[PDB]
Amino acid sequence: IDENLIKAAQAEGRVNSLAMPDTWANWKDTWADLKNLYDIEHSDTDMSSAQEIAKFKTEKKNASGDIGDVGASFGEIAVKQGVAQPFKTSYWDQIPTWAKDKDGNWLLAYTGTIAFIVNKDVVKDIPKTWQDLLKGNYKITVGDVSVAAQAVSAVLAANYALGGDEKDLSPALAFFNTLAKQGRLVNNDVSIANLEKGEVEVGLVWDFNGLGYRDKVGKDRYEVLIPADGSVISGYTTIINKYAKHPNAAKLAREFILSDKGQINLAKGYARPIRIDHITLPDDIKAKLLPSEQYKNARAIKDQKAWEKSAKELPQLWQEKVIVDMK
């Protein structure tokens, strides 16, 4: 890690993040490490992907945030909105071509697979597939599709299970319209608070969040599983605000996140680090992960551009085809 970068980051003194809370994929260990290793302070303001891009845009130079983390379908939105500045990091060549742009404005640090988190007290017949969800009477916490990458991805995951792909989300929209009409949809995100209270019945979340949240709340209260009929694998990229007040500290954070230590932190949080092939993980992680068999129909996106387009159009379709029909 370049010494002038550490020095410039320390002169700034801190890094302000958006949507990088401690409870998400063990960002906790990473912010602790920046304080403990380079004396960089930090504070975060949680939100969803779409909101992070609008905030950097709205605030300009009087930026409340320096760095954010957004879903794979939003890297290009950040770029198109002019809120991203490039920083490839010293690990650029180990990042797969499908996981980054060409200039360094966005690059996935980790990936996950859409999963179900199920309340064992309320849901007696645990759903194992997307098809199973159509027959219960319990409430499905889908995520806020208007702004969250996790929720947008959950829709694509259902779409894959219904035999579609990232070029046309119509089958999944019909599936969610069906549930909306039954009065079984909850249009908010799963959170540790709503899991603690026992309010989530079936929730749609990344496996890493399902597992992380399960530890906080109780392993015997919630089951986490990958739907057997299909799911999506996708990931997240940091975005360094073009208008960051602390650009060097943001660059330092990104560099660290991609370093062996930041990648190990992500693994301890149950996510799959993008540089998994070049790091040695601790042996204890594997046993806390889900059975491999469950991932039998989980697939990555083949056409990034088609997904970017479908995802961008999804919020309006969600309002018009799902929200408007909620019982």
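Numbering starts at 1 and follows the sequence shown.
Student: Output the stretch having the higher mean C-alpha B factor in the entry; the candidates are 104-112 and 195-203.
Tutor: Mean C-alpha B-factor is greater for 195-203.
Student: Taking the recorded C-alpha temperature factors, which stretch has the higher mean, 300-308 or 20-28?
Tutor: The deposited B-factors put 300-308 ahead on the C-alpha mean.
Student: Of the options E255, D215, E76, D168, which has the highest CA B factor as deposited?
Tutor: Out of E255, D215, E76, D168, the record gives the largest C-alpha B-factor to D215.
Student: Per the PDB entry, which option out of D69, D283, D44, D66 has the greatest Cα B factor?
Tutor: Spelled out: the listed residue with the top C-alpha B-factor is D283.
Student: Report the third (lowest, middle or highest) to which the CA temperature factor of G163 belongs, ranking only the modelled residues of the same chain.
Tutor: Middle third - that is where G163 ends up once the chain's C-alpha B-factors are sorted.
Student: Ranking every modelled residue in this chain by its Cα temperature factor as given in the entry, which third contains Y38?
Tutor: Top third by C-alpha B-factor.
Student: By its CA B factor, does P86 count among the lowest, middle or highest third of the modelled residues in the chain?
Tutor: Ranked within chain, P86 CA B lands in the middle tercile.
Student: Just say lowest, middle or highest third for the CA B-factor of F208 relative to the other modelled residues in its chain.
Tutor: Lowest third - that is where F208 ends up once the chain's C-alpha B-factors are sorted.
Student: Lowest, middle or highest third: where is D277 by Cα B-factor in its chain?
Tutor: For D277, whose C-alpha B-factor we compare with every modelled residue in the chain, the answer is the highest third.
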